[PDB]
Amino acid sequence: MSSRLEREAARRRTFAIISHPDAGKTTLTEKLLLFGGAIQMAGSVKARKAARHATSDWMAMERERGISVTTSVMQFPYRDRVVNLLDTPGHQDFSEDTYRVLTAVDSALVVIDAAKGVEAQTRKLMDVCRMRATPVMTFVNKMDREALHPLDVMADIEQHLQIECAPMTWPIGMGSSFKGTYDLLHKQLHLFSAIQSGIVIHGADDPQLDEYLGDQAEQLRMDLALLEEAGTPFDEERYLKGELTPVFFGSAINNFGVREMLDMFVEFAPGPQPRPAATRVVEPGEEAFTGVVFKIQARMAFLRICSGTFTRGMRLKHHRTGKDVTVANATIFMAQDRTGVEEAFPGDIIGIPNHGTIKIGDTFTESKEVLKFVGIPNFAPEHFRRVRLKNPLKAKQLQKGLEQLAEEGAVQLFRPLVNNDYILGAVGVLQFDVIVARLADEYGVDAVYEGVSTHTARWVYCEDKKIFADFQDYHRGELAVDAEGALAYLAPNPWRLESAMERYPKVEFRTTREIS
């Protein structure tokens, strides 16, 4: 029946966490790792957390490359599945890279702070998942602090993440009155105390509820009947379509409620899925190795394995340059206690060292066939700046530098139609600081920034050749070309954009565009 590869490939579970800041992603991640026996990685995740708020000597330690790479892809075994959890940079580090990580996961898990509910970064990231039709599992965290009512929390999720909510575990009480969770499908009761085997409940009439929950038993029975009416039973097919999301309540800090969520994930989360290419749809089943670059770092290119098997001694062909590339000493991301020939299977991540001459989306194969993976885009930035050059004779240099950095994708570049200025857009503002320093160290250029009216950008496309031309004349003042030669409308804010948009309903204004 199944092949060695098709099995190995299917044990994979590749996901990232989409969360707003301070929700507990780091805490939950460390918790997940401990379940996978990933003792050391878990240490690293914890050590880094600690080092942020530590003395100066550590801040200088966490900010280094060696570590932010080890924890960038964290793999651990769980219930014989190989879970590949990809770090999604947040806080100060939030950038386009975060979105790109979402272009490499078969699925995602949402983590919500119960007190805050759905916040801005949660919505933003979910926005990405929706367009790529990526199934999501939801974990409502921090039930030990006072929080929103669970029904309120679902309502919040449903409204703002535009998806149905299927609760799997329900919380009894909250804050100081947090007793634990009742797992609806398994008819088990999990008490919070200072993991543990749960208690079987037979019917909602079980006196055990009274025994363990006391006067709070009434609320669970109260809540459960409400649920069994306006309730969405987890439906596997609907989850995969993205229409529905399983919800879990817990206290990551206390390693509570996590087990159930982890189990749901290994059992039902998607394994490596087919990937589109220009010529055809690559299947993870195929023996021939294929991979797609989704992240780059200053040089190493992280690659998601799309089909086949990766080993050190193998030879890969870089299609864009047409070159032949060596992976002799790559980075294979794998759980500690390796114990096997060193190989990677579809859904895994590998770090190919390659100097320059790469882009986001580049395809590497084993065979002599032309193949080009598609669908990893650039995302419209929220933040813009105009780059000013102090010494005008260095203009040829800045131009090289910026064009090269954008090809590499450290930032997005916009050249207005009515002037010679450079406007940089960034998914997160940190990118601007990175760009300045790199421009100096790699290109010998001191560049400054200046503020601009612009807060919004959309890529414009129109079928009616006359209308599009008329439009381009009217909004000559707001148009720009990006590094990839694409036409972009720049607006001061989303509202001002609608004025333009309602005037030209026949012009499309996209928030993404494919790379070449």
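For every residue, the number given is its place in the sequence shown, counted from 1.
According to the entry, the stretch of the deposited sequence that connects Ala298 to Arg299 contains 4 to 9 residues lacking coordinates, which leaves a gap of moderate length in the model. Going from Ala194 to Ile195, the model skips 4 to 9 deposited residues, which lack coordinates. For the pair 67-75 and 251-259, the mean Cα B-factor is higher in 67-75. For the pair 90-98 and 203-211, the mean B factor over Cα atoms is greater in 203-211.
Taking only the listed residues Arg304, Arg130, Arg315, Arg238, the entry reports the highest CA temperature factor at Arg315. As recorded in the entry, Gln216 carries the highest CA temperature factor of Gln216, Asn141, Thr134, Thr363. Among the modelled residues of its chain, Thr55 has a C-alpha B-factor that falls in the highest third according to the deposited record. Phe265 sits in the lowest third of its chain by CA B factor, as recorded in the PDB entry. The PDB entry assigns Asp22 a C-alpha temperature factor belonging to the lowest third of its chain's modelled residues. Among the modelled residues of its chain, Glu450 has a C-alpha B-factor that falls in the middle third according to the deposited record.
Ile352: CA B factor lies in the highest third for its chain, per the PDB record.
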